[PDB]
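# got an experimental structure here, sequence first:
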Amino acid sequence: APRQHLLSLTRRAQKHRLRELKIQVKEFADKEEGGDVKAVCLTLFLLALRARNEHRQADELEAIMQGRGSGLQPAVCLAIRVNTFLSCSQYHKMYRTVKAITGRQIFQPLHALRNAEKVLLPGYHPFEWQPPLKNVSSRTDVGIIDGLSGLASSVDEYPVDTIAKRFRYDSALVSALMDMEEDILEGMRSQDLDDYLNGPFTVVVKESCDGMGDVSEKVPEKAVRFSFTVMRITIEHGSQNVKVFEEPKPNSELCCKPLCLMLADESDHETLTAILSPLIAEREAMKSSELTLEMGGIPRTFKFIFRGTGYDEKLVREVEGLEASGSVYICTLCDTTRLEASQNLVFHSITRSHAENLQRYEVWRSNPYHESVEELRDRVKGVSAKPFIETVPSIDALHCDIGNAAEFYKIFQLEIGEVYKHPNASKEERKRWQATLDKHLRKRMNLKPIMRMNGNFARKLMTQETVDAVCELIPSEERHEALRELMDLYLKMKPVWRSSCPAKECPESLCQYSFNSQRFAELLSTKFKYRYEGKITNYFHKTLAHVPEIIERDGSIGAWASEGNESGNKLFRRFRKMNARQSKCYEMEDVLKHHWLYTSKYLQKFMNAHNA
Amino acid sequence: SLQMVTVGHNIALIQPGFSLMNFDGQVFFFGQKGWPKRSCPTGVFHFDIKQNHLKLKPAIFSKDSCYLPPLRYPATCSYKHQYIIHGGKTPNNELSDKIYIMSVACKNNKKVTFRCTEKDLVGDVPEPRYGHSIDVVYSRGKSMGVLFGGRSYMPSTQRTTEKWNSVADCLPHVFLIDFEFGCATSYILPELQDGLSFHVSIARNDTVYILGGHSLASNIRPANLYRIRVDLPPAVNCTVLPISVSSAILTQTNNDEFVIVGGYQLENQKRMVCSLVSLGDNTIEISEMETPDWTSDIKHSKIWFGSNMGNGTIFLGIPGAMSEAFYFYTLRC
Ligand SMILES: [Zn+2]
């Protein structure tokens, strides 16, 4: 009744003006859906709200009933802040404004985020090693440490002009392991398991190391990154090794957890070993021990297996003791020569190993059999330097595709000309053929020419359309059919070593792979004799000789590649921009922290919450 | 008198820590950057210094020699004829406890070939180090070796991966080496308890002199001089005498006239001046000569490395606008 509107009274007054209707509704409730007054008023009010097109409000009500939750856990704020690359500045501007306008602290202050960072970065969680690692500190609260690992910087000491930052490999593994705790537990439950099981778990980890390239703005600054990827986690349950986790996209840049960043050249051997060898020490030390780590309030035990496979060819040779030129031993998996592999194309066993390269290097140094340089070079099969990183004898699918394509490119050059007609080495005319080729690729395709070929160019180049388009500069009509068959066989082959699982994804291509390989080889021997006689490229060799053996051994080749976007550079750049321009040291420190957060499965859950 | 010298084909292989050795007129280069390539598997080179230009030609090894890795700060010396090398820093940052012996085994027209023989040791075997000093002594018939330490990595019990590359001057023991027999024995000096490195060693007859270098546990570059003596049935004694330099290189312009060219004076001050050692029989004193005509580049530099040919001339290196990593000089007296 006038003059007091219902929404301004006391709840006594309200309940009294209303009670007339309350008895009506309470009666109604007890009849249809007794005796939940709450549910009835809910349905009513909601209808009344959507009736008047007040949807934002109705949604907020529906949300409130279900327990959410208007603000945001610091963890989610940090997730947002990273995956959108906000500076601390930017974020703070947004925080304070949303706070001010809404009165609610929907985003969290920066110190909150700072904490979420501490929880998610190496050095937070407690763990212990059994037996404790040789030459590694058992001190558990270690996060970021200096890449130089204490290297002498006296003036008369060997010049160190490089900056580097890293994690302790064990600490980093703990962090990575805790980050994906929920993934492990859910894996267990999905395999029908008490998720309390202590283990032991076997964690298969893929190592990889790459040259970032140039990371500057207008002197160039070269950078190098050692990183790992949790590829598989299995558990001992009776007699079988039950798989409780497998990285869905092993080649994504999202699970490539960064271990060490440095400002060096991957060609600069002394400093490279200076920086990486402490990591390797820790790695080895871990090879012979078990990790104890509490998860669901209950301790679990972990064993690791380190398959170092994500390496460029030049770098595999670097770290495994081989001379890195086309001379004369061309394969990092077998003892073949450029000529032997040019004549027997497809029959080669895998025979190299890190262990063997170690033995061989010792033999070359000591020369136990008193031999001449060539006799010795032959006994030791190319291994004249001491390996310092244990790698798996495999193929990086990325650098494989890149290199193969980089060969097809020079093929295209040598086929728009007539090399099987003219044996004349005129370097200038070579540059002319590259000229008209680069020209024509721009016109018929969407191909911007670039030096130092990457994987994108390689993607755009190895298609049948590019064959048709490169055919337009060729006078002969016979070679068109040869190149078409070459390309077709190559593309019949590529999916087998490019796939992360060809036993599932392309089981047809897998079985026919031997035969396709055969036809390819025959086609190289005859129709392309002019280049591939006495000579052959490393990757052609590897492709023909070693793919089926590697697949038999490991299930795939693709899954063990380097990240297929090579965005190490790109990322380093964005992360750099995300902070104040400080002393180059702190700059590095921050890029490492943010790169680490960037690859946390925990935050990624949040950022991918919108379609789960 | 010194002059700018240019290198050509494979300059890149030159690096701080390289060593030079002298054979009957010809100069040879050891300790390249990186492991030896196919273009020269030995890592040892003909050092062709012709008319202010350096060509680095390859060298071959004997059919029975060891193929020693490029050691980076080895203790090197001679023998009356052969060279002694021990030990150093491989290009994998490992420290060699091994002694390699450099003989020459064949001579031809333009080029020659070497013998390279590792002698292993029982002891009292010295700890794998670098920047240290090794020399030869002639007692009451006939010869022995004297090793005074430099620095090395941590003990294999106290070494942590977080401080993996942390070095420290090893014990100032004096190490006596019997080569031909193949054994070593250490001696503690009451007169010596402070470890040194990157110093300068000069010996003759049965006496060995050691000059100012650089300590670590104190960060001090002494100027003190040290004596060492030897007998024969073996024993050793020491005394002290009245410069402060680090990583100095000593040449021989004349007989018993050693020209000690620069190095470093303070942690950021390169000595830039010179000195002359008053040598004699049981009577030696540090004196000073003039100061050479350093160019503008050498003047405003922070880094000094080089080594001696033997004939008073010396080989010098300087860093370095995207043009060249190094610029080199030759210094004659
Ligand atoms: Zn092979």
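Now that the structure is in, tell me what you want to look at. Numbering: from 1, shown residues only, chains lettered A, B, ... in the order given.
# tell me which stretches of chain B form helices.
Assigned helices in chain B, in chain order: B:296-299 (criterion: DSSP state H).
# which single residue in it comes nearest to the ion?
Closest to the ion within chain B is residue B:38: 18.8 Å, counting by Cβ to the ion. Bear in mind the C-beta positions are built from the backbone N, C-alpha and C, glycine included.
# could you double-check that that residue sits in contact with residue A:326?
No: the criterion here is Cβ atoms under 8 Å, and residue B:38 misses it with residue A:326 at 9.6 Å.
# ok, now which ones touch the residue most central in space within chain A?
By Cα atoms, centre = their mean, chain A has its centre lying nearest to residue A:256, at 3.4 Å. By Cβ atoms under 8 Å, 6 or more residues apart in numbering or on different chains, the residues touching residue A:256 are A:208, A:227, A:228, A:229, A:563, A:599.
# who does the first one form a beta bridge with?
Partner residues in beta bridges with residue A:208: residue A:227, residue A:310, with DSSP bridges as the criterion.
# and it, how many neighbours?
24 (other Cβ atoms under 10 Å in any protein chain shown).
# tell me how far it lies from residue A:233.
18 Å (Cβ to Cβ, to the nearest Å).
# what do you get for the fifth one?
For residue A:563, the distance to residue A:233 (Cβ to Cβ) stands at 20 Å.
# for the contacts of residue A:256, which one is nearest the ion?
The closest of the contacts of residue A:256, once distances to the ion are taken by Cβ to the ion, is residue A:208, at 21.2 Å.
# state the number of residues packed around the residue of chain B closest to the ion.
Using other Cβ under 10 Å, residue B:38 has 14 neighbouring residues.
# residue B:318 too?
Every residue meeting other Cβ under 10 Å relative to residue B:318 is counted, giving 18.
# wait, what's in contact with it?
Here residue B:318 is in contact with B:297, B:298, B:301, B:303, B:304, B:326, B:327, B:328, B:329 (Cβ under 8 Å, 6+ apart).
# if we go to 10 Å?
Applying Cβ atoms under 10 Å, 6 or more residues apart in numbering or on different chains to residue B:318 gives the contacts B:4, B:295, B:297-298, B:301-306, B:326-329.
# okay, and the beta partners of residue B:115?
Beta-bridge partners, per DSSP bridges, of residue B:115: residue B:103.
# how close does it sit to residue B:82?
9 Å.
# returning to that earlier point: which of the contacts of residue B:318 lies closest to residue A:334?
Nearest to residue A:334 among the contacts of residue B:318, counting by Cβ to Cβ, is residue B:326 at 39.6 Å.
# give me every residue that touches residue B:47.
Residue B:47 touches B:20-22, B:26-30, B:54-57, B:59, B:309, B:315, counting by Cβ under 10 Å, 6+ apart.
# picking up where we left off before, shared neighbours, residue B:115 and residue B:82?
Common neighbours of residue B:115 and residue B:82, using Cβ under 10 Å, 6+ apart, are B:101, B:102, B:103, B:104.
# near the ion, from the residues you listed?
Taking Cβ under 5 Å from the ion as the test, the ion is in contact with none of the shared contacts of residue B:115 and residue B:82.
# name the member of these with the most neighbours.
residue B:102 (22 neighbours).
# thought that one was touching residue B:85?
Yes: with contact defined as Cβ atoms under 10 Å, residue B:102 reaches residue B:85; the gap is 6.3 Å.
# who touches both of these two?
Applying Cβ under 10 Å, 6+ apart, one finds that residue B:102 and residue B:85 are jointly contacted by B:21, B:30, B:68, B:76, B:116.
# can you give me the strands for the stretch 101-250 of chain B?
Counting by DSSP state E, counting those that start in this stretch, residue ranges of the strands within the stretch 101-250 of chain B are B:112-119, B:133-137, B:144-148, B:151-153, B:167-169, B:174-178, B:183-187, B:200-204, B:207-211, B:225-229, B:238-241, B:249-254.
# could you export those strands as JSON lines, including mean neighbour count?
Shown next, in JSON lines, are the strands of the stretch 101-250 of chain B (neighbours: other Cβ atoms under 10 Å in any protein chain shown):
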{"stretch": "strand B:112-119", "mean neighbour count": "18"}
{"stretch": "strand B:133-137", "mean neighbour count": "22"}
{"stretch": "strand B:144-148", "mean neighbour count": "21"}
{"stretch": "strand B:151-153", "mean neighbour count": "23"}
{"stretch": "strand B:167-169", "mean neighbour count": "20"}
{"stretch": "strand B:174-178", "mean neighbour count": "21"}
{"stretch": "strand B:183-187", "mean neighbour count": "17"}
{"stretch": "strand B:200-204", "mean neighbour count": "19"}
{"stretch": "strand B:207-211", "mean neighbour count": "21"}
{"stretch": "strand B:225-229", "mean neighbour count": "20"}
{"stretch": "strand B:238-241", "mean neighbour count": "12"}
{"stretch": "strand B:249-254", "mean neighbour count": "16"}
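# and the ones you listed as a markdown table, adding distance to the ion?
Output for these, formatted as a markdown table (distance: least, Cβ to the ion, whole Å):
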| stretch | distance to the ion |
| --- | --- |
| strand B:112-119 | 32 |
| strand B:133-137 | 45 |
| strand B:144-148 | 46 |
| strand B:151-153 | 37 |
| strand B:167-169 | 41 |
| strand B:174-178 | 46 |
| strand B:183-187 | 46 |
| strand B:200-204 | 51 |
| strand B:207-211 | 54 |
| strand B:225-229 | 57 |
| strand B:238-241 | 61 |
| strand B:249-254 | 48 |
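# what residues are bridge-paired with residue B:30?
Counting by DSSP bridges, the residues bridging with residue B:30 are residue B:19, residue B:44.
# run a quick neighbour tally on it.
25.
# check the one 4 residues further on too.
Other residues lying near residue B:34 total 17 when counted by other Cβ under 10 Å.
# and it, backbone torsions?
Backbone torsions of residue B:34, given as degrees, to the nearest 10, read phi 90, psi 170.
# quick one: the closest residue to it other than its chain neighbours from residue A:318, how far?
Using Cβ to Cβ, 6 or more residues apart in numbering or on different chains and skipping residues adjacent in sequence, the residue nearest residue B:34 is residue A:269, 5.0 Å away. As judged by Cβ to Cβ, residue A:269 and residue A:318 stand 7 Å apart.
# thanks again, I'm all set now.
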